[PDB]
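First to last, the sequence lines map onto chains A, B, C and D.
When the count follows the authors' numbering, it moves up by one through the first sequence with no breaks and lands on 1212 for the last residue.
When the count follows the authors' numbering, it moves up by one through the second sequence with no breaks and lands on 514 for the last residue.
Heads up: the third sequence runs through residues 2 to 23, 40 to 85, 131 to 560, numbered per the authors' numbering.
Heads up: the fourth sequence runs through residues 611 to 777, 786 to 803, numbered per the authors' numbering.
Some notes on the structure that comes next.
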Amino acid sequence: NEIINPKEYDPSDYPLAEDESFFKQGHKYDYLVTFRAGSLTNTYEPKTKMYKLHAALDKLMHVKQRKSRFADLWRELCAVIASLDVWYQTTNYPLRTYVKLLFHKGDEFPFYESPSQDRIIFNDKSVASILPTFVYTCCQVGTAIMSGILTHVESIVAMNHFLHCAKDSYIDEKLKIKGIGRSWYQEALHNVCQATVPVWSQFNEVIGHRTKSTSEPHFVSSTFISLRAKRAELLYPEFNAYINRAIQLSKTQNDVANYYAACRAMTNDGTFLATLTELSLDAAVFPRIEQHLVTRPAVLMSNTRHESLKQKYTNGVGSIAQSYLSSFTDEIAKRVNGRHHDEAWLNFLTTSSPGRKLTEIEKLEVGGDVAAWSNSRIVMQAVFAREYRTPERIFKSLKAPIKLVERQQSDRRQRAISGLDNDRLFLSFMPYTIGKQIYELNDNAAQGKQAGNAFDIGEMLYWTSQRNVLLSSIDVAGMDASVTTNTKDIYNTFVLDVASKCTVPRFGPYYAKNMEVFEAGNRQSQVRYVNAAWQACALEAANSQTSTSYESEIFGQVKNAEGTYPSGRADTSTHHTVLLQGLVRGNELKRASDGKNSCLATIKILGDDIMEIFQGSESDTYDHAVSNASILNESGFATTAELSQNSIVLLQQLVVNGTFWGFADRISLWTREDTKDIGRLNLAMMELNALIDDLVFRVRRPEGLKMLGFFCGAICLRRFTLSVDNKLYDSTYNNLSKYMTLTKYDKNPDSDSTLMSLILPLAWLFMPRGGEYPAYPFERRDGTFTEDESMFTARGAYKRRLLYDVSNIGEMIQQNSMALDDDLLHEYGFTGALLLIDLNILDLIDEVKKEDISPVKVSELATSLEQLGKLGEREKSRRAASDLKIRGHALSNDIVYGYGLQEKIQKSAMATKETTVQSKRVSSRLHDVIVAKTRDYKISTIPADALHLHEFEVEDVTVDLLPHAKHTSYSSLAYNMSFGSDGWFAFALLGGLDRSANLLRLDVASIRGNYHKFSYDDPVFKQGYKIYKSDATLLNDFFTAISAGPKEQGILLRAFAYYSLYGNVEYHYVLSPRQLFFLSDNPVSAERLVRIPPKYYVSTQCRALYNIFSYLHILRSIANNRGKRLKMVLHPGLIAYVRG
Amino acid sequence: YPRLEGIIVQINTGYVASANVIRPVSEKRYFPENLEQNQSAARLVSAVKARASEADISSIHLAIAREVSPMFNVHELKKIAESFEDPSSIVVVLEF
Amino acid sequence: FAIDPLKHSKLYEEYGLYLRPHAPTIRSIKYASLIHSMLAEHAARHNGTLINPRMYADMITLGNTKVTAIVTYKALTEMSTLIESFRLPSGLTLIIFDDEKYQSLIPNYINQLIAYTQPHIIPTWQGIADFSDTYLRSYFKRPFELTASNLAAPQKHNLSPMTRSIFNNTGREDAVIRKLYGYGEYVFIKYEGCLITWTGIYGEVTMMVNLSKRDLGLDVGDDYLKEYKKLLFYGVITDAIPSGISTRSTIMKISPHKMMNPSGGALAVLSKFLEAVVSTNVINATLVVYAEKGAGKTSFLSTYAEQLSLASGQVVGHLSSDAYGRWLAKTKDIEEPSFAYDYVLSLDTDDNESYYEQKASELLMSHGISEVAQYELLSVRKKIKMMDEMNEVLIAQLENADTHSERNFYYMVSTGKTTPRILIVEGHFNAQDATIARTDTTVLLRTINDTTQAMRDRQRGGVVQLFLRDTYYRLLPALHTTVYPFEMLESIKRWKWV
Amino acid sequence: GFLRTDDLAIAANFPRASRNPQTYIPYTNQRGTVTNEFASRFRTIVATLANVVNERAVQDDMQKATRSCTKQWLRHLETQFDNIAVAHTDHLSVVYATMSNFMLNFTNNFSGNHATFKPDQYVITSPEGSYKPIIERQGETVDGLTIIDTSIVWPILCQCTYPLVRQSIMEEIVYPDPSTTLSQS
RNA sequence: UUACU
Ligand SMILES: [C]O[C]1[C]([O])[C]([C]OP([O])(=O)[O-]P(=O)([O-])OP(=O)([O-])O[C][C]2O[C](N3[C]=[N+]([C])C4=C3N=C([N])[N]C4=O)[C]([O])[C]2[O])O[C]1N1[C]=NC2=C1N=[C]N=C2[N]
Ligand SMILES: O=c1ccn([C@@H]2O[C@H](COP(=O)(O)OP(=O)(O)OP(=O)(O)O)[C@@H](O)[C@H]2O)c(=O)[nH]1
Ligand SMILES: [Mg+2]
Ligand SMILES: [Mg+2]
């Protein structure tokens, strides 16, 4: 009844203090309580603080509730509910009853969003305030019904739990359930008990299966009694009764995996938890002191001002950490020595973002063009290029307050992070470069996520497969808060003690000079010789201001009480990595110091996610597992608490028993909140294809997820709205209505542009250049249908084969023709979609933005940028890029260096807008592109394709099944890899994952910005190989177009020589390692599966090209694979084309 | 005052850096043309690039000035941890 | 030089360094100032940064790179006819001399040459700039000290007005020494502060104040309590702490010294609070001042409230730094306590005992001790375990936001409407930052006080005062901006009011 | 190298710690020559080192290409040594001569033969105390002074340009002033 | 209106 008739406003729900300075501290219901739309209203006049409160709470209910990824809010909810009709063939599924009962008012929807006026405007004022989130919850549960994670009757238990959370505060109730409702599997894995699992080898192939009995040990059975009492009262009793059946009924290790992913989607809707950030400043970034204070170092040296210069620890928590870390200061001082930092400054001051500043009065006195550029980091350094060597540059930015950026995640609460300007970014940079070189030194300073596939988990898959191990995986809780200034100092000694042994001259606005230094236990100042790294680090360490200051529309300027970690500085990933590495490894020196063993194996720290691995008896490991907790407990950290036998998590990826569990709900399909790089474009479908491939091994039914991505691809992503002008509006309508319907829109006073939106037909959802989405089986002429395209289908030039696949490829080889059926492509509408491809709207909108800005104003700005750096002979990289192109062939833009000085400026002209005068000459150029290509169209076929038209013929004799398939027969090595499914059989028939390929690719991206999926496109690596394979004697010349160092040159060359077995540059295909986790990279593994009669081997690369033909058609047609071995026949022009 | 070597080196270091005798450039020619990429030399190019280190201007001027400086603190070698296992390990002997 | 001494001559006059009247170095100092008019133009031409500073810095510093399409290399070509114009056998050289007033006044185009020069650095003793170095000694006016021993003639010590200037160290009047002793035509350096060499418990301690010898009393050999109030407002004790000056210490000698310059890195942090007090945007700005227990700041920032409120036209009030400890002892027991502002300030300083001085007092007993000389007999790790025991009664008031906790006290005092717009809290120990609320401006006060000497002073100090200074120094490192109490009195004045 | 007497210091009556002040300049001034007699010494070293790595490769039967790409690297150090020995033996050697005549560079450093040299250990003896040696391993680093980096010869040989290797740009070889290293001394 | 790895 809190949803069917909600209460009134109750203004004690968002109270204030005695003053109107901030909200009342310790207030509950910090998020948007469900109160029934009508009741908020302004009463009183535009001042008197509380008016700005009710106006901004209106911004919470009307603006911060919608975040629709592709379409509007209603088109997206219809996309599940239509797809959920088509798949289950009926309408007796009970999700639509929640669509009917939660909102139905008989004339029109209860609420819509404006887009142009940007708010959700209501049409029933009596409906609940919280309902625009319940679109996305009904969206997500139907995504989970379609995924196969939840059945229909389970989604009843889901939806009742969500509406029960909505009685008082829909997210505040959810964040308390979030901890309890997924910690329960460790009981169910205990109860299952003896469970038969695969095991892995050192080099991650499956070598065996064993039955290893999961009974978690005696001391975590004492954590079951404390936790199940909290399960009973904090949860809804039907959601509780669903859990208590999953403890008792579960019989296999596969069976707990069924309930766990399904109970996880009952606690999440994927909605990003958005309120106004004044409410979450108290919750997220307020510093907590968990119990202990951390004491200070003995300061050994101090300069003329009494501040820390050199310092050492005395019997604390830090002395444990510097027992491990201070050994590295003699080596890192030769790696932090041998970079020249001014160079590495301009490469880290890439990624254009903000400076804090709004430039100011001097935005006028730099120019009106560079006024509008003035957001990027690379531009705000260019405007103040003159000030870079003066030491008063950093002094005038201590005066500048740090502004609170907010960004939110899928399940964490609304979180804030500090957007530092260029000078507060400068002091943190030398602690970033010092703490970076511990990564190459110590494995356990660990994994960056360049693999995407199994190598990000190939560590965790191995140690869980082993015997006599307990695994702990620690999050500290909140690790921005906890880092008081004293705990921050343990990283400061390590950054100092490297910089003394090192020799860095000048660094920036410093120089190695002769300072007065107090030497503790001397009386009297004695002048040491300090280098610039030393000076910079001391100043930054001394000076540190931590507070974030957010300007409010309610309040004046709220400022966080400092002492947190301002997590944007430069070292926000190293300061929590180098610290926790010193505390846990330093423990096994201190435990070895007083007669106890260590008994700890490899530990992987990506800050803050600690994950260590132990071995021995069940008593020895626990004596160590307490001290890793207790020293982190006495470091001032709130470790939450996690450990188990056979359970381990890292980077939000669960590994258990030697199997991979998914966390499917974290990829929310239909909530973005980015306000940056929004596509309703070709690029909007790439944002679907990348997220559809995120969920292919987190799903129990990938065929159903292809059904869901199709209709949301169809219904939502269908309409591209374009503002023409009137005279051209007439013929823009007439030309495009010839092929596919274009909507027309009602005419305009006194803006002189009519809108009009084209309708982008369903074939464009399948095109090679448009939507690269895998298809359903079409009809040929007779018609015996095509193969159903599965989830493992690779993208780029392969979707152009689907055009030839409709034309009966087997038939074509019969008549010896490259000819094509224009009838069948025009009938479905394939011909009307490749026109929309050839119109090329996207770079045309980029061309007009590239047309408007004067390159003279850019060049004066960018010549001043290369004054800070190298100094000279960034010119030799521009010379190397231009010498390569005119002698040979085009090496394109983003990659080579000084163009990627110029390209880093460009993005603010890309940012700062489409607006209308530029938009009127969009339509003048596009209509010229329209009337040329509409004047006649036929499907343009290229000489560069013969090179499909090959078709496989099934035979009567079966394959072998690769003996690791018996081991992963049981139990449930991933979610979709259940026994007798498509992904299991592909891991059986296609088989394997090599270590040899994606170690070198894991070696490539350590050059070039690693922390995520890194899917194989990599415009250094493909462009360098097309020169390496066919062409290279030139390959000396474009390495200095990279400005690749001699070490960096060595990485790439070893990957080029290994990428010469497979495959072809001439036939393009792209998949992602997120798409095929355990499936093989190599087309070598598929040549075992297809014989080629060896009169077809007809060119020097032609063995290596036929492998990709064998590689893809197994992955494309895996739902129609009996386990027969197919055989290849070819068109003789395909024989004729590769001869050359 | 055994820090007196720190002065006499620093006077001699300030002479070498003021003479403009060695200027470090940003072009590396450790290997001839198209032996870098040549597969058989993959064992050799790793040994050279591990030893060779970026030419900081501050310590090339120090090594010249240490040659005629008075030695008061007894110098000692950086602990070179090599194996002399492969025949690509002659790079350490050519270094000496 | 970095700044030329003929177009900008008064800055060298502020250091005691007067320009020699108008030869191979008189001709060279005109040659260097001609480059600055060329250099400054060039970094106009393209704002600011003169382009290719490497070939620039290999011309002034090194007699090198004669150069003759073009406009790129135009400013190089115009300059190679300018430095090969005057015949030098080597370069000109730089001369930063290591001073936050001098280093801040270096123009932008000189600082871009510092990366590629190896410049000559002249180490300041305390300031003055101290006069060796064929640059500083052949260019202008090696001076002559004029203490009480070298009296009273210029013919006696063989001085000349074109080579040597005179530093008044008599204690006599300035005007007579160039009247009857014959020092007319001899120009005199002007110093407006003074340097005091005190006696100490540990040795000779040299501190300076930026007051002249007339502006305060104390000469020669008066004690430390005479005009103590002016020394706290304006002094730096340039010595490694523990310096060890005491209330029984006297003066050895006085010489006029250069007025020291405040801290461009520590002027601007304090300038945030002196902006947030002015603007009507920021509700209830807060200044947080950390120091040791014996820095003597409750007697100091009681009049800095009196200097800010008279300049701002507002009402400020400092919370007097122990008002958690005085107040929690009074109402440990009381279920609803009064969080009012007028109740807090009518409670402390001094007669109400602190709560931590109850807790510390009980604790010292348990490891039984009551004498300060008995505390010296204890040593470090046996001491430090006592400090660790002392912490656990700290964290019980810092961890949660209970109704008697520290977080609730500094909140409701700061919010509730009876309080002043802009309170100044002061904290003893670091990691009170999660409790004081809410600010962007936390400074760190280092006064002219060996604080552990003032705790054996205190004169009802005992071990309870001295154990807690030691406990708080274990919790307070210098991880914030040191603020040096004359600099807060300096920044009020600089700020531009309405 | 050779052994140059300090004729400019003794005529200037500078303090020296020897009877004959003799510093060891590392290599001879080599004007007017076509073949550089310091560069051709490094020819006969690589020609000796080519046969040492030849025996080690053929005793342990490695590739024909790995032995060729080793010896193609040994004569790439030949080419780079010829290009810079014109600038060492003309412009570095006149700096080691004039740094030897400075005031505070008073000890001898080297005397030709590695087989016999030890630095002359003076001490400050005392009949009523211990003797304090001058040269003494006490590990008192001056922040990088006692540790000696042998990887400094790779930037010297390869990635540095010299004011005589560049001849073809106009350079005007820098002769520094006497007064800075005199006034500090 | 918008941070780093
Ligand atoms: C130039 O032009 C342009 C474009 O086109 C636009 C867009 O629009 P759209 O968005 O497309 O729409 P949509 O979304 O499609 O829609 P739907 O969803 O389909 O449905 C609808 C709805 O809607 C609404 N509406 C609402 N509101 C609010 C509105 C509307 N319409 C209109 N027209 N307007 C508005 O406002 C309803 O209701 C319904 O329901 O846009 C454009 N743009 C715009 N603006 C701008 C742009 N650009 C740039 N700039 C600017 N300013
Ligand atoms: O955008 C981001 C996201 C995350 N981080 C990372 O967040 C870390 C600090 O965040 P924590 O990981 O410590 O938060 P918490 O887990 O204690 O919060 P709860 O789950 O308990 O609710 C930092 O160490 C950092 O590396 C960022 O710096 N930026
Ligand atoms: Mg965490
Ligand atoms: Mg985390």
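Beta carbons are placed, not taken as given, at the ideal position from N, Cα and C, and that holds for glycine.
Chain B beta carbons: is any one of them nearer than 9 Å to that of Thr-78 (chain C)? Yes, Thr-78 (chain C) lies at the interface with chain B (some Cβ there is under 9 Å from its Cβ).
Residues of the region 488-505 of chain C with a CB closer than 7 Å to any CB of chain A: list them in chain order, please. Listed by position along the chain: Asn-492, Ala-493, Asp-495, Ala-496, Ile-498, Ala-499, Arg-500, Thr-501, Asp-502 and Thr-504.
Note down, in chain order, every chain B residue with its Cβ under 8 Å from the Cβ of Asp-195 (chain C). At a C-beta separation below 8 Å, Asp-195 (chain C) has no neighbours in chain B, since its nearest C-beta there lies roughly 13 Å away.
Beta-carbon within less than 6 Å of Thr-804 (chain A)'s beta-carbon, same chain only, minus the 5 sequence neighbours each way: which residues are those? The residues are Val-796 and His-999.
With distances taken from CA atoms, which of A:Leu-1187, A:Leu-808 and A:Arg-168 is nearest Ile-1002 (chain A)? With distances taken between Cα atoms, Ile-1002 (chain A) lies closest to A:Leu-808.
Establish whether the CB of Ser-54 (chain C) and some CB of chain A are separated by less than 9 Å. Closer than 9 Å: no.
Using a C-beta to C-beta distance shorter than 8 Å, which residues of chain B count as neighbours of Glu-746 (chain D)? Those within 8 Å of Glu-746 (chain D) in chain B are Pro-420, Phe-490, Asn-491 and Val-492.
Comparing the CB of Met-55 (chain C) with every heavy atom of ligand 3, is any distance shorter than 8 Å? Outside the cutoff, so no.
Flag this pair as yes or no: are the beta carbons of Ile-307 (chain C) and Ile-263 (chain C) separated by less than 9 Å? It is a contact, given that the beta carbons lie within the stated cut-off.
Distance between beta carbons of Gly-220 (chain A) and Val-771 (chain A), contact taken as under 8 Å: Right, the Cβ-Cβ distance comes to about 6 Å (below 8 Å), so this counts as a contact.
Does any heavy atom of ligand 3 sit closer than 8 Å to the C-beta of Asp-547 (chain A)? Set against 8 Å, the gap from the CB of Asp-547 (chain A) to the closest heavy atom of ligand 3 is smaller.
Cβ of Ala-200 (chain A) within 9 Å of Cβ of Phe-291 (chain A)? In this structure, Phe-291 (chain A) does not lie closer than 9 Å to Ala-200 (chain A) by Cβ.
Any idea if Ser-383 (chain C) is buried or exposed, counting beta-carbon neighbours within 10 angstroms, 16 or more meaning buried? A residue is called buried once 16 or more other Cβ atoms fall within 10 Å of its Cβ, and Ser-383 (chain C) is buried on that count.
Quick one: what does DSSP say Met-828 (chain A) is sitting in, helix, strand or coil? The answer is strand: DSSP assigns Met-828 (chain A) an E or B state.
Buried or exposed for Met-863 (chain A), going by 16 or more other Cβ atoms inside 10 Å? In the assembly as shown, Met-863 (chain A) is a buried residue. Its beta-carbon has 16 or more other beta-carbons within 10 Å.
Indicate, with yes or no, if ligand 1 has a heavy atom lying under 8 Å from the CB of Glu-468 (chain C). The answer is no for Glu-468 (chain C).
Host beta strand (DSSP E) of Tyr-417 (chain C) (start-end): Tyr-417 (chain C) -> not in any beta strand (DSSP E); alpha helix (DSSP H) instead, spanning 417-428.
Take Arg-276 (chain C) and list the residues in its own chain whose beta-carbon comes closer than 6 Å to its own, dropping the five residues that flank it on each side. Excluding positions up to five away in sequence, the list is empty.
Just the Cα atoms here: how many angstroms apart are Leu-892 (chain A) and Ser-879 (chain A)? Their Cα atoms are separated by approximately 7 Å.
In its own chain, which residues sit with a C-beta less than 6 Å from the C-beta of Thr-422 (chain A), not counting the 5 before and 5 after it? Closer than 6 Å at Cβ, skipping near neighbours: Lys-976.
Beta strand (DSSP E) containing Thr-815 (chain A): first to last residue? 814-816 is the span of the beta strand (DSSP E), which, as asked, contains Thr-815 (chain A).
Could you please tell me which residues of the region 699-730 of chain A, in chain order, have their CB closer than 9 Å to any CB of chain C? For the region 699-730 of chain A, which is checked against every Cβ of chain C, the residues closer than 9 Å are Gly-708.
Looking only at its own chain, which residues have a Cβ that is under 7 Å from the Cβ of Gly-358 (chain C), when we skip the five neighbours before and after it? A distance below 7 Å between beta-carbons, with the five flanking residues on each side excluded, links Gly-358 (chain C) to the following residues of its chain, in chain order: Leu-294, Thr-509, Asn-511 and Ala-516.
Please confirm whether any heavy atom of ligand 3 lies closer than 8 Å to the CB of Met-551 (chain A). Because some heavy atom of ligand 3 lies under 8 Å away, the Cβ of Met-551 (chain A) counts as near it: yes.
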